[PDB]
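For reference, the structure is listed below as structure tokens.
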Amino acid sequence: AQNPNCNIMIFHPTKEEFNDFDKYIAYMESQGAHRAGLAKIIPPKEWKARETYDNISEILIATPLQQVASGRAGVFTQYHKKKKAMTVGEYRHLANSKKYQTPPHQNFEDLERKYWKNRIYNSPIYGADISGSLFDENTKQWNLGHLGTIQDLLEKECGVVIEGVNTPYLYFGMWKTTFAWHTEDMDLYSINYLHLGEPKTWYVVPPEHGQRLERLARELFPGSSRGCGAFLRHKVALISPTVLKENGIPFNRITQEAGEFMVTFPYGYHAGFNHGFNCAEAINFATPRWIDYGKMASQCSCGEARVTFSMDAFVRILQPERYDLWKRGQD
Ligand SMILES: O=C(O)CNC(=O)C(=O)O
Ligand SMILES: [Mg+2]
Ligand code: NI
Ligand SMILES: [Zn+2]
């Protein structure tokens with residue numbers, strides 16, 4: 001078995017290898033990359049997502065989210081308070097203000113220590129989940145707005161045509177902005193490209209060990225666990241590396257820098273934080289290997305998780321028994 005310790009793998013495709021996205025994902029899996037839950041892909045040196053980032057300031061963040069924490073430094077939840085709209089130029093200036101800017105630090109490890117020590121005492125503002133793309137239409141390789149759609153994959157594998165669309169999302173971050181522990185909707189893959197700015201640190205649990213993380217989360221968030229049998233779908237809970245290590249949960253960590261792709265694999269729990277002002281683009285995707293994960297994915301039916309239009313069909317076709325109850329949660 002390849003990669004039996006479930007280490008995060010880093011790949012350096014050539015420009016020739018960068019042509020066929022599906023083929024390269026399958027290659028990475030042949031080497032065991034999925035066992036980690038997360039892989040890094042450094043694009044060939046000839047490749048670029050677009051020519052410059054000089055003209056992005058007028059993108060609107062219609063509903064910036066202030067991420068307010070509750071709990072203790074290593075075990076906390078966050079809720080998202082909606083703020084007034086602002087442009088990317090306005091948000092960058094905010095991120096660079098004295099109140100919100102990255103503190104002085106020695107290296108990424110020092111900054112990670114400062115994040116876990118101090119995150120809960122601040123409420124950074126995240127421009128998350130903004131439909132759109134920063135890939136130039138002329139970028140033909142690994143253009144996250146030109147991927148094969150999940151609906152077409154389900155149709156190719158299973159023969160059933162379904163409604164729904166699959167488009168990317170932009171994320172504008174600042175110091176301490178945080179993504180809570182989660183897997184993707186329907187335990188899909190994700191791909192994330194860091195277009196610009198400061199790094200993003202990731203934590204990930206191997207898919208084969210995901211239920212260990214779930215069990216710990218039920219212990220650490222016991223009221224949330226009584227409320228919902230899949231409360232990590234709410235995307236609000238944080239657990240630090242120190243607490244994971246104290247409880248024996250297998251995980252790995254890695255820092256993504258501007259110009260790099262990350263792929264999350266089916267049922268790979270992940271969480272992380274931004275180092276400073278940045279912009280990322282991410283989208284879900286599927287392969288044939290996903291189908292079985294989609295069929296077994298947990299679902300929130302308590303009503304909190306509220307997701308896209310397109311997840312309806314996935315539940316309806318892959319999880320017909322759950323359909324009824326899950327849809328009640330969505331309506
Ligand atoms: O970058 C972020 O805030 C969160 N991204 C992801 O969870 C992802 O790409 O799957
Ligand atoms: Mg603009
Ligand atoms: Ni994710
Ligand atoms: Zn729920």
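Quick note: residue numbers are just sequence positions, from 1. Start at 1 and go down the list; that is how both ligands and their atoms are numbered. Below, all heavy atoms of this structure are taken into account, side chains as well, without hydrogens, waters or symmetry copies.
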*Looking from the Zn ion (ligand 4), what is the angle between NE2 on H234 and SG on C302, to the nearest 10°?*
100°
*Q106, CD atom: more than 12 neighbouring heavy atoms under 6.0 Å*: no
*Using distance alone, with no hydrogens and no angle criterion, decide if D312 and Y323 have a side-chain donor and acceptor under 3.5 Å apart.*
yes
_Quick check: of its N, O or S atoms, which one does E184 have closest to the Ni ion (ligand 3)?_
OE2
*What is the NE2(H270)-the Ni ion (ligand 3)-NE2(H182) angle, to the nearest 10 degrees?*
80°
*Which word best sums up how the rings of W202 and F179 line up, parallel for under 30°, tilted for 30 to 60°, or perpendicular for over 60°?*
perpendicular
*asked:* I need the SG(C300)-the Zn ion (ligand 4)-SG(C228) angle, rounded to 10 degrees.
replied: 120°
*Can you label the angle between the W47 ring and the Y193 ring as parallel, tilted or perpendicular, going by 30° and 60°?*
perpendicular
